[PDB]
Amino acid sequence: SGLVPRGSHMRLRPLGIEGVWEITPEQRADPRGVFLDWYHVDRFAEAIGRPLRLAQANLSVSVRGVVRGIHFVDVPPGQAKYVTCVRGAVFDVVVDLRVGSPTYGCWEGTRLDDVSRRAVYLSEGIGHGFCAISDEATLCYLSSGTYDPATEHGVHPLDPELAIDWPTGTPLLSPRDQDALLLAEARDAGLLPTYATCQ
């Protein structure tokens, strides 16, 4: 049969960082395949408070060991993201970059794969990164704003305050992420979102 995934009803539950939710899809399987609902406006708008504004949809394909992140968008205008792994498996990480937040400088990892097919929603001011666990992995992202190079920034994914437990011994970083500021450096230059503003 190959691996046959678990049947499920949709659920939306908060993670440990305010403004971040994990979505369990509505999923069924039969001998011809698998079908799932991974976003539903009525379920989402009730839980989060408003429908997701679709401004852009993206895909990324990454090889095993690639660590990408921690990326965020300035607030204002902010950007929210709804992320899922459509092929393979990733260790997905959200980072609270909102100065003043109770969970500022905390992170949380979620396994996003093509078996459970969970999604993560992250609100404005939240940073995002991931590590491909599978030999290659494909993420699909729905974003509430379009790409603007003036507002997209990042912090170093090997930052020592975060000390993220990436599931690879040899993280493959792009020049952009290798050269990114430490969290404290970004903070010290006034580059991070403020929790009051994101609220």
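The numbering used is simple: start at 1 and walk along the sequence shown.
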Selected stretch [higher average CA B-factor]: 147 to 155 or 132 to 140: 147 to 155
Please compare 113 to 121 with 76 to 84 and say which has the higher mean C-alpha temperature factor in the record. 76 to 84
Among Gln27, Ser174, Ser60, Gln56, single out the one with the highest C-alpha B factor in the record, please. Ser174
Entry-reported C-alpha B-factor of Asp165 relative to its chain, by third, is highest
Thinking about Cα B factors across the chain, which third does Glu18 belong to? middle
Divide the modelled residues of the chain into thirds by Cα B-factor and specify which third, lowest, middle or highest, holds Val67. highest
Consider only the C-alpha atoms of the modelled residues in this chain, order them by B-factor as the entry records it, and name the third containing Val34: lowest, middle or highest. middle
Test of reading the entry: by CA B factor among the chain's modelled residues, which third contains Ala45? middle
